[PDB]
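Taken one at a time, structure 1 and structure 2 that follow are two forms of one protein chain, written as structure tokens.
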Structure 1
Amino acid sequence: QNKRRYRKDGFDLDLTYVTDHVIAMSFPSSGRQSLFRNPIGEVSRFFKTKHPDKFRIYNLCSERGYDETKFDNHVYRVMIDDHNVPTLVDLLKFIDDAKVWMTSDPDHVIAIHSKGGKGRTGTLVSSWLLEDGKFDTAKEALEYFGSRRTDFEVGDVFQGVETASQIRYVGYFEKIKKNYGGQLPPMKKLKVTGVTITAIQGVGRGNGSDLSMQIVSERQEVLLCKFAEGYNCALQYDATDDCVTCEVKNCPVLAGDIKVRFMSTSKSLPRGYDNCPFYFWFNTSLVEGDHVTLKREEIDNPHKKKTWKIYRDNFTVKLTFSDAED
């Protein structure tokens, strides 16, 4: 916790200099309370005294804003839901905004914040560190963020802080910078035609009968499948292989950033983040072949070790696609 709180020069804030010019911090909260929160008046005072006319604040909270005149109108908003990811368009828009600001003056600083300054903040700080060339791999940037912000040490396995999708999206940016020259990859239109879950035993009813699947595009449900009932689908349970395979029916053309949520009627399947047992994000342009397969540690919620009694080491989810291009 010594890395967590800034305690110098009469300040007391959950604020971390990730580098000399890159700051990660928690939400500048209303009121004067300072127990596990950063009072907005004090955060305003920090940047006005320590970085006068040389700061830019990034608010990554879709859920909450504030009076941005308190920061002299130097606030940029990225609308990210807690425990989720920015769109690739929004991530790249942020990256360009940061790069222009940082290039004009060596003494300029960026302060990225979310609610706790963990997952969402780690997503954009790691992406920026790749952009600025401090690291060439997403893994290296993320682990460095963990070492500065949390009690993580470089050498041990990377766990906590970011979600699996948040990790994936930093990886997406690396691929964008390396293979696409920092440009958004060409639009790819797809339709989901099947879902396959392995190691289904012990997951809810253990045969897919409790499960439902929601596809979300641009903050709207575009499809809902209910497995046992045949609601926009056709479930098959393979007891011998310990797997379920489900034909996905009536999926509309999907493009961009897609959120897939799996829900259960069975209460014996706990809810982690996002009010469901498991979920994930992917971008259609970054899909390779006719499928995407995600291991346990690549899915949001099972990526946590506390759930590993239910989601085993061979638990995977695979989406099969069809080409929706003209």
Structure 2
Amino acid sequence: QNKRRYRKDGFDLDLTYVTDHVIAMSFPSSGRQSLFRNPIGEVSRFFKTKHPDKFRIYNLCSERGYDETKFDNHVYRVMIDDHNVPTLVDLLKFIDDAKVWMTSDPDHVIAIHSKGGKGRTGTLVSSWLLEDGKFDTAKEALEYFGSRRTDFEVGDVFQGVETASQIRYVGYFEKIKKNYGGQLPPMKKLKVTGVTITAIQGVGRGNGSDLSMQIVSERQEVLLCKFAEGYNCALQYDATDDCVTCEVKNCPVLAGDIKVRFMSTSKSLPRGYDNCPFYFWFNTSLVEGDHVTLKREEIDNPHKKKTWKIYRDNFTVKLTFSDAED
């Protein structure tokens, strides 16, 4: 536990001033005893004391709310699942709400929290810093969040954003602010027609036979493919090229933020986050051309270096699309 804490004026909280007006913190907890969980009573007292009538709180946990009247009802909820991302629609809704609040008084602060004030919190903090003009790139904004939230004098565990889709989504915000005036790009609708996984050896059965793919849109399954069986698909394994190629059938029209989960019947293939071997998010409107290809570092779960004997340096997943217009 080397997150940068606030220990002044009779407070001891897991609370970081990323800037003078932008706070990152963990969940305001109740009935806790206690150590490194912030008691809601103390957090409430902190804001009422140090920023009277000049704070707004952002709760990023889809999983849990709390008594917002402890914060005089100045709480805004962004529903994001642990280890996942907001929809771009929700991210921009958040950005505008923070703008409305921050534009009204130079002394106003925002406090962004989640469960651990790490992944989800960093995603929105880094996006806000881009909006506010402090940084011109997602990489730098993310780097800065990491350096503020991590106290390296306490320990060497990084406390910034690490999961690949969260990094991609801050990247998406950069692209939006640089190319689309801060608003969503033109709607692009797509169908997945193919999936290709390179360096398949050592991953489950190492030939795709154990794998399945679920496409999720707006928190609902919209397609399931089971490879070996030919369930909504046709599998082809190439031993010499160390890759599997699967034709994807019956994919409905996809729009917006799409989560793709890969599941396995292999006991050998460990599960990371999201109760599966690997997954990723993308946005249909930010797809360029007829495909999206993701390297190991860009996929959720293979991003962790402990998996790097399983997912080797050339492990990639490519989705092929047809334009829902041709």
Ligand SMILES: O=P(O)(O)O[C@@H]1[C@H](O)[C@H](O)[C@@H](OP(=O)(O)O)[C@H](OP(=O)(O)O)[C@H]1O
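Throughout, residue numbering runs from 1 along the sequence of structure 1. The term rigid core refers to the most C-alpha atoms you can superpose between the two forms while keeping them within 1.5 Å.
- Here the form deposited with this ligand bound appears as structure 2, and structure 1 shows the other form of the same chain.
- With the two forms fitted on their core, the C-alpha shifts between structure 1 and structure 2 stay under 2 Å for all of 160, 256, 252, 202 except 160.
- With the core held fixed, the Cα of residue 33 is displaced between structure 1 and structure 2 by 2 Å or more.
- After superposition on the rigid core, the Cα of residue 105 moves by less than 2 Å between structure 1 and structure 2.
- After superposition on the rigid core, the Cα atom of residue 151 is displaced by 2 Å or more between structure 1 and structure 2.
- Core-superposed comparison between structure 1 and structure 2: residue 121 shows a Cα shift of 0.3 Å.
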